[PDB]
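Have a look at the structure below, then the notes.
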Amino acid sequence: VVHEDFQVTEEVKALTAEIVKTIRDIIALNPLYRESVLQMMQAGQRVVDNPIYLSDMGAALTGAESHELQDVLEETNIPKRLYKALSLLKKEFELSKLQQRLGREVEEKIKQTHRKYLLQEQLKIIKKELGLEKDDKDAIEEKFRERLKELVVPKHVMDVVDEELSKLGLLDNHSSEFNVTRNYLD
Amino acid sequence: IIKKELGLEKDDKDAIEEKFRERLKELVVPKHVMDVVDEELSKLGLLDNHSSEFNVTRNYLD
Amino acid sequence: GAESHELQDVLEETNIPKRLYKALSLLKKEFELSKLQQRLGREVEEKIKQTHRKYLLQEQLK
Amino acid sequence: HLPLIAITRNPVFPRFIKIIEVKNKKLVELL
């Protein structure tokens, strides 16, 4: 078990601050486990006797493939393995942040769709006060009724027309089937 | 209150709506095509912008 | 982030200008340390970014 | 001089409590 290190342990511990801050960012933006353990083992408390163990624990949280773990274990120099662990953490962070960004993008698209639907409904309820049915074409329903009114008409055409009109009322305006029904009715 | 840029066509899920209206303003629009266009504009406003049916409606309107 | 030893050294100074200068120099030293760490980290980030964009594209493909 | 342990898709990170549950009972005899 090789633990060679430099005598001046003054600026080497600086990278520990960056490592712990990266771990904090990962857990906050990517909550996988409870955060109490991090509070239990605080760098300032000085109870970290072996920083290698803390680095391993921090990297253990990484979702990197076991192949990457073996590659890290291959390295012997402490700085090289530290940089490899930092790169692995960045690799996980990239995917996690991309997932969050894509999720929020899809959610925002859905929210915009729903909001514009709400604006359309406000149109249908304010300008189109319920009853007129100008856009729904029930006004056109009345128009066709009055058009048929004057005609001295056989019963067969009236029954088929009533069936067609009921179908038109059932079907929504934009349906292509509704369009064909409207054309046949006209 | 119910629409923006009144005295004209509302945005109605499709801004180019207004553009199309001016594209018809200089034209002496026959009444039959006028009502067909009004109905189709309402239909376009009823559908979501990114739907394929909305795309076909836009193509027909253009 | 000056160590407890440095804080005690600052407390040792008596003259107000002396401790002000010591605090300013400590800020200078810690800021230089942080700036060097930031520059080295940016260098390492760029060198890892040497991994062609095709690597990120392959991550997406998988 | 002991037979190799069948990890069976149970990675064990350093200084981290892990649980291994192998389907083969033969390891129970060694245990």
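Residues are named by chain letter and number: chains run A, B, ... in the order of the structure tokens, numbers start at 1 in each chain, and ligands are numbered from 1 in the order shown.
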
Can you write out as CSV which residues of chain D fall within 7 Å of chain A, alongside each residue's closest atom pair and its distance in Å to one decimal, counting only C-alpha atoms and ordering rows by chain and ascending residue number?
residue,atom,partner,partner_atom,distance
D:13,CA,A:60,CA,5.7
D:14,CA,A:56,CA,6.1
D:15,CA,A:57,CA,6.4
D:16,CA,A:57,CA,6.9

* To do: Would you kindly return, as an MDAnalysis selection string, each protein, DNA or RNA residue with an atom no farther than 12 Å from any atom of residue 25 in chain B, considering only C-alpha atoms and excluding same-chain residues fewer than 4 positions away?
  => chainID B and resid 8:9 18:21 29:30 34

Put those residues in a file: N, CA, C and O atoms, as a PDB file, in the first residue's frame.
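After the write, result-v9.pdb holds the following:
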ATOM      1  N   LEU B   8     -58.419  43.797 -36.238  1.00  0.00           N
ATOM      2  CA  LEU B   8     -57.724  42.919 -37.166  1.00  0.00           C
ATOM      3  C   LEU B   8     -57.852  41.496 -36.631  1.00  0.00           C
ATOM      4  O   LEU B   8     -58.653  41.223 -35.733  1.00  0.00           O
ATOM      5  N   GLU B   9     -57.061  40.581 -37.185  1.00  0.00           N
ATOM      6  CA  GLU B   9     -57.064  39.202 -36.719  1.00  0.00           C
ATOM      7  C   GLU B   9     -56.206  39.050 -35.469  1.00  0.00           C
ATOM      8  O   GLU B   9     -55.137  39.656 -35.351  1.00  0.00           O
ATOM      9  N   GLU B  18     -52.030  37.325 -38.899  1.00  0.00           N
ATOM     10  CA  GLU B  18     -52.133  38.730 -39.276  1.00  0.00           C
ATOM     11  C   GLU B  18     -51.515  38.962 -40.648  1.00  0.00           C
ATOM     12  O   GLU B  18     -52.119  39.602 -41.517  1.00  0.00           O
ATOM     13  N   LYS B  19     -50.317  38.417 -40.869  1.00  0.00           N
ATOM     14  CA  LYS B  19     -49.673  38.551 -42.169  1.00  0.00           C
ATOM     15  C   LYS B  19     -50.608  38.092 -43.280  1.00  0.00           C
ATOM     16  O   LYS B  19     -50.883  38.837 -44.228  1.00  0.00           O
ATOM     17  N   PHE B  20     -51.153  36.881 -43.151  1.00  0.00           N
ATOM     18  CA  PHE B  20     -52.056  36.387 -44.183  1.00  0.00           C
ATOM     19  C   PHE B  20     -53.187  37.376 -44.425  1.00  0.00           C
ATOM     20  O   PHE B  20     -53.559  37.635 -45.576  1.00  0.00           O
ATOM     21  N   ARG B  21     -53.715  37.975 -43.356  1.00  0.00           N
ATOM     22  CA  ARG B  21     -54.813  38.918 -43.523  1.00  0.00           C
ATOM     23  C   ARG B  21     -54.408  40.065 -44.439  1.00  0.00           C
ATOM     24  O   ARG B  21     -55.143  40.420 -45.368  1.00  0.00           O
ATOM     25  N   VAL B  29     -61.305  39.864 -52.075  1.00  0.00           N
ATOM     26  CA  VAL B  29     -61.586  38.486 -51.681  1.00  0.00           C
ATOM     27  C   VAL B  29     -63.050  38.155 -51.954  1.00  0.00           C
ATOM     28  O   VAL B  29     -63.945  38.834 -51.430  1.00  0.00           O
ATOM     29  N   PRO B  30     -63.346  37.138 -52.765  1.00  0.00           N
ATOM     30  CA  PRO B  30     -64.737  36.690 -52.896  1.00  0.00           C
ATOM     31  C   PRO B  30     -65.280  36.169 -51.573  1.00  0.00           C
ATOM     32  O   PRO B  30     -64.540  35.667 -50.725  1.00  0.00           O
ATOM     33  N   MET B  34     -63.758  33.888 -48.693  1.00  0.00           N
ATOM     34  CA  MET B  34     -63.637  34.608 -47.429  1.00  0.00           C
ATOM     35  C   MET B  34     -64.104  33.752 -46.258  1.00  0.00           C
ATOM     36  O   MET B  34     -63.404  33.628 -45.248  1.00  0.00           O
TER      37      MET B  34
END

* To do: Write out as a ChimeraX atom specification all residues of range 44-152 of chain A that DSSP puts in helix (DSSP H, G or I) for this structure's backbone.
  => /A:44-45,51-60,66-74,78-126,138-150

* Residue neighbourhood range 4-8 of chain C, 12 Å, only C-alpha atoms, exclusion window fewer than 5 positions, as a PyMOL selection string -> (chain A and resi 44) or (chain C and resi 13-14+19+22-23+25-27+29-30)

* **Shell around residue 20 in chain D at 10 Å using only C-alpha atoms, local window under 2 positions removed, as a list in words** =>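 Near neighbours after the sequence-gap exclusion: residues 6, 7, 8, 9, 10, 11, 12, 18, 22 and 23 of chain D.
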
Please produce an output containing N, CA and C atoms for each residue in the selection, written as a compact mmCIF listing (two decimals), in the first residue's frame.
# COMPACT_ATOMS: atom_id res chain seq x y z
N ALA D 6 -17.63 -15.42 -6.17
CA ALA D 6 -18.46 -15.02 -7.30
C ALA D 6 -19.16 -13.72 -6.94
N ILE D 7 -18.63 -12.60 -7.44
CA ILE D 7 -19.21 -11.30 -7.14
C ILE D 7 -20.63 -11.21 -7.68
N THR D 8 -20.82 -11.63 -8.93
CA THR D 8 -22.14 -11.68 -9.56
C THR D 8 -22.79 -10.29 -9.59
N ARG D 9 -22.15 -9.38 -10.32
CA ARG D 9 -22.67 -8.04 -10.55
C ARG D 9 -22.96 -7.33 -9.23
N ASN D 10 -21.99 -7.38 -8.32
CA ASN D 10 -22.07 -6.70 -7.02
C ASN D 10 -20.77 -5.94 -6.80
N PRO D 11 -20.59 -4.81 -7.49
CA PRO D 11 -19.36 -4.03 -7.30
C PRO D 11 -19.25 -3.54 -5.86
N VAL D 12 -18.03 -3.55 -5.33
CA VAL D 12 -17.75 -3.18 -3.95
C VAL D 12 -16.72 -2.06 -3.98
N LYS D 18 -21.42 -2.77 1.51
CA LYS D 18 -22.12 -3.35 0.38
C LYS D 18 -22.69 -4.70 0.78
N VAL D 22 -25.56 -13.81 -3.65
CA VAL D 22 -25.36 -14.72 -4.77
C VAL D 22 -26.42 -15.81 -4.72
N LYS D 23 -26.87 -16.24 -5.90
CA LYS D 23 -27.91 -17.27 -5.97
C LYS D 23 -27.37 -18.65 -5.64

* To do: For chain B, work out the contacting residues on chain A at 10 Å, counting only C-alpha atoms, and write them as a PyMOL selection string.
  => chain A and resi 113-114+116-117+119-128+134-137+173-176

Print the selection's residues with C-alpha atoms to a file, as a CSV table (one decimal), in the first residue's frame.
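Full text of out-v8.csv as output:
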chain,number,residue,atom,x,y,z
A,113,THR,CA,-48.7,24.3,-25.1
A,114,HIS,CA,-51.1,24.2,-22.1
A,116,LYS,CA,-51.7,28.7,-25.3
A,117,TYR,CA,-54.6,26.3,-25.0
A,119,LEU,CA,-55.6,31.5,-24.1
A,120,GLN,CA,-57.6,29.7,-26.9
A,121,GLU,CA,-60.2,28.7,-24.3
A,122,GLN,CA,-60.4,32.3,-23.0
A,123,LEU,CA,-61.1,33.2,-26.6
A,124,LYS,CA,-63.8,30.6,-26.9
A,125,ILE,CA,-65.4,31.8,-23.6
A,126,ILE,CA,-65.1,35.6,-23.9
A,127,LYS,CA,-65.5,36.6,-27.6
A,128,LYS,CA,-67.5,33.4,-28.2
A,134,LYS,CA,-70.4,30.6,-34.7
A,135,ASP,CA,-67.0,28.8,-34.9
A,136,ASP,CA,-68.5,25.5,-33.9
A,137,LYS,CA,-71.0,26.1,-36.7
A,173,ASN,CA,-65.1,21.2,-36.0
A,174,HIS,CA,-61.6,20.5,-37.1
A,175,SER,CA,-62.1,16.7,-37.8
A,176,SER,CA,-61.6,15.7,-41.4

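Take CA of residue 49 in chain C and CA of residue 94 in chain A: the distance between them is 12.0 Å.
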
Taking only C-alpha atoms into account, which residues of chain C are within 8 Å of chain A, as a PDB file with N, CA, C and O atoms, in the first residue's frame?
ATOM      1  N   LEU C  33      -3.385  32.028  -4.522  1.00  0.00           N
ATOM      2  CA  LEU C  33      -3.535  30.576  -4.469  1.00  0.00           C
ATOM      3  C   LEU C  33      -4.802  30.133  -5.192  1.00  0.00           C
ATOM      4  O   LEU C  33      -4.780  29.195  -5.999  1.00  0.00           O
ATOM      5  N   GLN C  37      -5.071  27.914  -8.620  1.00  0.00           N
ATOM      6  CA  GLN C  37      -5.879  26.701  -8.670  1.00  0.00           C
ATOM      7  C   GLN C  37      -6.928  26.788  -9.771  1.00  0.00           C
ATOM      8  O   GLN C  37      -7.163  25.815 -10.493  1.00  0.00           O
ATOM      9  N   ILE C  48      -8.973  17.950 -20.930  1.00  0.00           N
ATOM     10  CA  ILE C  48      -9.997  16.913 -21.013  1.00  0.00           C
ATOM     11  C   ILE C  48     -10.951  17.213 -22.163  1.00  0.00           C
ATOM     12  O   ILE C  48     -11.429  16.301 -22.849  1.00  0.00           O
TER      13      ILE C  48
END

* Between CA of residue 13 in chain A and CA of residue 42 in chain A - distance in Å to one decimal -> 13.8 Å

* To do: Could you jot down the CA of residue 37 in chain B to CA of residue 172 in chain A separation for me, Å, one decimal place?
  => 18.0 Å
